[PDB]
Every structure is written in C-alpha cells, then in structure tokens.
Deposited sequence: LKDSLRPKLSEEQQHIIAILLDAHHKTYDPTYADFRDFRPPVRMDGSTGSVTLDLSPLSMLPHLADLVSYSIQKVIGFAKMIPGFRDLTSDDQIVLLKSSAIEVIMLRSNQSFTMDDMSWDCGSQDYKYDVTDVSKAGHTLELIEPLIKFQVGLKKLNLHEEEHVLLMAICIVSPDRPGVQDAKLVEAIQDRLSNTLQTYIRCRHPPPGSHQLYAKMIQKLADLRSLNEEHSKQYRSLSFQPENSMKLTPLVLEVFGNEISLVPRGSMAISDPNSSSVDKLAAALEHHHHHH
C-alpha cells in the first residue's frame, strides 16, 4: 500500500496544484489580448507563459523536500524545467477533439496556427502536439499528473545542479511514490507499463526543451520580438 508519508506527499502535491492551476482560467483576462489576423499572438502567449512560470514556481515551492535545497539549486531546477512543466500542465486544457488548448472561451482557445503566430515553427509544434496526444492518451489520474510535474522539476541531471545527490534523493522519494501509486490505485488495463510511459514523456520533454530553447534563442535575438516578452520570461529563458 501507500505509506502515510506517500499519502502525505500526494495530498500536498494535489493541494499545491489546486492552489496554482485555476481550471476556470479567470486570470487570462489580465493578459494582453490575443490577436489572430508579424507574430500577432506573441504578446498574449508571452503573458500566458509568464503567468505560467509564476504558477509553476508556486507549485515547486510546495514539493516535499524542495525547501531543503539551496536557493542556487532551486533556481537551476526551475530555470531548466519551466518550459517542460508548462507543456505538462497545459495537458489539462489540451483537447484531442480538435488538437487545441481550450481555456474556456474561443478567445482563449489555441491551435497550431496560434502557436506559429508566437514565433515558433512546426519543428517544435508537431512534436509538441504529438506529445500532448500521447500524454492525453495515458488518461492520467490527477495524482499521477502532479507527481509527474514534481519529478520533472526535481531532476538531478539538469546542467548546473550542485547537490545532485540531494536532488536525486528528493526525486527518488517522488518516483517511488508514483510507482507505488500506480500499483495500488491505478487499475489494469490502464496501468500497463504506465510508469515507463510516463518516464518516456520526461524524455520527450527534454527534446521539446532543446528545440524550444533553439527557437526562443532565435526569436529573442530580434530586439523587436524581445520587446514583446515579459521581464520574467527574459530572466528565465534568456536575454540574448
């Protein structure tokens, strides 16, 4: 069964996610408006990414053990994982009905063309959509989804990590919780090789991160596009 510590860990991460992910998307009204006519969707989508980084941070601070890391390592982990957790957490709004992210209204429904109108190409978008479909298809429990985000953040192999032993230790506690959760609470047939498939998604996220990094470097290098970004996005993803 799940130990009391494992049950504790899950409860904390569920609550953390609930406190940082508003399924009504009410705060979207505060963003620069979407424009679908250049890079017309960049102001709206940069604000959405900026907002999302803040939420990912609020979630990360609540991960059991994350507080025991130094601020240096906290920074390295958040900076390397931010885009990956945003792509992960975005699965909640993603829908296979029409391959889009549906955040409540037609204004806040983003399709492949919207993403391309933020300065990114199919080199990123096609694998991103394929990621989202394969992730959807796993039909994760919310418990598994929040554990996966947390494991994504506390990855010891991120470049610049100083205390990799401690990061690996925190991650192992989460990974063991997820494996045990799948065994005890996820019924077959759904549970078939589920953990291995979740870890494969973390691998897919690394390739998405690399490609995002490449396209962002190129996008932000043009000072007219970097003007469209936010101070937080620049700090987290880079300022040329």
Missing C-alpha stretches, by deposited numbering?
-> 1 to 7, 45 to 56, 260 to 292
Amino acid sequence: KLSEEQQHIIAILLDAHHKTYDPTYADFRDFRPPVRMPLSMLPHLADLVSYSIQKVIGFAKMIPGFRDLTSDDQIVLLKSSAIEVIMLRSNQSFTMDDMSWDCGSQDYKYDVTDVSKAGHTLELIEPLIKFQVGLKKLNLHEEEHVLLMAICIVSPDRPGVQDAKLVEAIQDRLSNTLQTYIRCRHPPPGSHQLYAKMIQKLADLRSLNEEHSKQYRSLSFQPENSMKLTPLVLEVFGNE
From here on, numbers count along this sequence of modelled residues.
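Only the largest set of C-alpha atoms that superpose within 1.5 Å between the two forms is called the rigid core.
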Quick one: core-superposed, which stretch strays further from the shown model in 9 other deposited structures of this protein, 189 to 197 or 205 to 213? Go by RMS C-alpha distance.
-> 189 to 197
Would you tell me which stretch averages the higher CA B-factor in the PDB entry, 185 to 193 or 52 to 60?
-> 185 to 193
Out of 102 to 110 and 143 to 151, which one has CA B-factors that are higher on average in the deposited record?
-> 102 to 110
Based on the PDB entry, the highest CA temperature factor among the options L166, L128, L77, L88 is that of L166
Name the residue from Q132, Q162, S93, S81 with the greatest C-alpha temperature factor listed in the entry.
-> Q162
Chain-relative CA temperature factor third for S220 = highest
Could you tell me which third, lowest, middle or highest, the C-alpha B-factor of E210 occupies within its chain?
-> middle
Sort the modelled residues of this chain by their C-alpha B factor and say whether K201 lands in the lowest, middle or highest third.
-> lowest
Give the position of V233 by CA B-factor within its chain, expressed as the lowest, middle or highest third.
-> lowest
Lowest, middle or highest third of the chain for the C-alpha temperature factor of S226?
-> highest
